[PDB]
Number of protein chains: 2
Amino acid sequence: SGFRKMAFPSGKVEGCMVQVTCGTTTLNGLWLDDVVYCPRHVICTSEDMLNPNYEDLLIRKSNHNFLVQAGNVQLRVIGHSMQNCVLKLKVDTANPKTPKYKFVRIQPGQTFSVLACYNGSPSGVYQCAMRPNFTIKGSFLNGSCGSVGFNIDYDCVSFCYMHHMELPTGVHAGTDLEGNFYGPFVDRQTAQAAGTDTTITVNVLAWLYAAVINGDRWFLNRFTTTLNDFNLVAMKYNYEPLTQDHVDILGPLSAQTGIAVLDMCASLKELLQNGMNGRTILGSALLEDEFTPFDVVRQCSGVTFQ
Amino acid sequence: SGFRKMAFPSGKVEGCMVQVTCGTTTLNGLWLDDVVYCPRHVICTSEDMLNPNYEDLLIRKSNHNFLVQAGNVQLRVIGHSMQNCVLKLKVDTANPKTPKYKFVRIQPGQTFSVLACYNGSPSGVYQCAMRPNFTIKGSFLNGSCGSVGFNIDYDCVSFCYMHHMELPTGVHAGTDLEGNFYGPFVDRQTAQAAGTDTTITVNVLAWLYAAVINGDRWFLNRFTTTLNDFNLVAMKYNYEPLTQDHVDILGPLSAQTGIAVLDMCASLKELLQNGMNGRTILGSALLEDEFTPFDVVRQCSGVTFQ
């Protein structure tokens, strides 16, 4: 028993972390096969970030302007190209540690593990969620850029995030591995508006099921409700409206605990209007939304990876 | 910026996880050099756990009774011995992936990363703390036994924990790598009393400094206090009494934020007597105690490992 905010083992990703330097800027890079991926603002100085013209900047850089170091091994850059917001430094040596991988673009609400690095060396690992406003609440210091987020599906590593910036508000923005930002953000040092952040309702439900599975049942109540009437209350407290797909995704957690999805909603509804009144759920005084129904099934059944 | 409950990268530990089977029991083992370490109750059936005589049980087992599988590689057991509560299966092949390691016995309040495994394969990783009552609040399902806790000091892996049991209360008990239990626990299926759990006061202070560093300063107050008068209040709310060593350990966090240790205490004192009144600190509605002063310095300065 027990419930913890668990991250994926990072071994397969550690071996892909390289350090990328260009001029006086140095950040992390992802070495897969014979190509190194990294944020394009590695070609920018501190001054350039205010208003950079990436084409004109990249055009004054040749292959020998990039120093890609993997521990102590040096990679010879043989080609370079800009794909959206990322750089693709084609090197001469294919990473012998290249795992079976895949590039994916996740949806808000989804969760993944971040391996925070500095100078191409692992600092630590944590689990987090993609907020409905396309930002993430992580832990990044200067130099962390290029750090990746990933999920593990058995023997396959899915890369879904690459860190690019911290916003003046302290939250983080990044891209997928093809270089497209998540959200309305641009890679420049300017004021950027992140929309209103909402609570991931489907995740909160999955977490209540985890609580029930783990012995916390005090919030279970007699009442029930309808999807429409639940959503009306959800919207007042800035929760994401729940759909039928959410109802179906929770099916397994429903069958296992013998508590219908709509009944669980009725317990949530009441916690929003009344609060937790000094009580906790799985050691928490707040409603947790960084666990997807899949994350709960995984932790509760003991799934493993290659 | 930002603060996350961060775990150490697990790559170096993943390569030491083997599956140990004996009879119909199968749990995880730690393969270092040419020796596999695992809980001795791997030689026990379900019936035996009620009242096991480990010597008499071990005596009816020969080297060929142990099946140690590392992925697909099979290890030939050439020797076996019981050291306190762990088994030491000497095999023929030294793990080529043996990292630079060390065995240590931590103190309550200290923190470490747990790599949860099932069948010798990594499931996930999380950070946690050794409670003052020598238990840990983790996430373990049947089959998890043998999972290890560790810290990373640059290029050296310090193994400090090995999971052995879940208590009827849902908390976890284990040993160091020499086989000595943490706490008054024995490896048998009986009712065991874990003492009163207290809050790790020094860790809570380090976390308040992290909050200040990250912009949350609302709890900073004019008052001050004395160590004695603070401790008197601490003891009423089940907090560990603070000593001078704790004061010295926080020195660096004190110099960096310009807030004296005793003044920080005065802010804590007030939060205990008054509560957080609907407010949060680093996204939390409770006082967090799973971060040591060292963990905070690490996350706030960007430390890396081999």
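Computed from heavy atoms alone, side chains included, the values below leave out hydrogens, waters and symmetry copies. Chain naming here is simple, since letters A, B, ... match the order of the sequence lines and numbering starts at 1 in each.
Contact of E166(A) with chain B is made through the side chain alone, with heavy-atom distances under 4.5 Å. Using a 4.5 Å cut-off between heavy atoms, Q299(B) contacts chain A through both its backbone and its side chain. Within the 4.5 angstrom heavy-atom criterion, no atom of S113(B) approaches chain A.
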Could you give me the CA-CA distance, side-chain angles and deciding distance for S284(A) and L286(B), then say whether side chain to side chain contact (heavy atoms under 4.5 Å, CB included) is met? CA-CA 8 Å; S284(A) 177; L286(B) 298 169; 5.7 Å; no
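Residue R217(B) places its CZ atom among 12 or fewer non-hydrogen atoms of other residues, nucleotides or ligands, all under 6.0 Å distant.
With 3.5 Å as the limit, one finds no donor-acceptor pair spanning the side chains of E240(A) and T201(A). For the residue pair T111(B) and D295(B), a side-chain donor N or O sits within less than 3.5 Å of a side-chain acceptor on the partner. Under 3.5 Å, the side chains of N203(B) and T292(B) contain no donor-acceptor pair of N or O atoms.
Separation of atoms OG1 (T26(A)) and CD (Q69(A)) is listed at 9.5 Å; rounding is to 0.5 Å. Remark: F150(B) CZ to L115(B) CG distance equals 5.5 Å, nearest 0.5 Å. Here the CG-NZ distance, from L282(A) to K5(A), works out to 11.5 Å after rounding to the nearest 0.5 Å. Once rounded to the nearest 0.5 Å, the distance linking CH2 of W218(A) with OG1 of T280(A) reads 8.0 Å.
When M276(A), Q306(A), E290(A), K12(A) are compared by the number of non-hydrogen pairs under 4.5 Å with chain B, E290(A) comes out ahead. When each of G15(A), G71(A), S1(A) is checked for heavy-atom pairs under 4.5 Å with chain B, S1(A) comes out on top.
Contacts with chain A (heavy atom to heavy atom, under 4.5 Å) involve these residues of residues 118-133 of chain B, listed by number: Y118(B), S121(B), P122(B), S123(B), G124(B), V125(B), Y126(B), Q127(B), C128(B). Close approach to chain A, defined as a heavy atom under 4.5 Å from one of its heavy atoms, is seen in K137(B), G138(B), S139(B), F140(B), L141(B) of residues 135-146 of chain B, taken by number.
In this structure, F291(A) has its ring center under 6.0 Å from that of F3(A).
Below 30°, between 30° and 60°, or above 60°: for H163(A) and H172(A) the angle between ring planes is above 60°, a perpendicular geometry.
Looking only at side-chain heavy atoms (C-beta outward), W207(A) and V296(A) stay at 4.5 Å or farther from each other.
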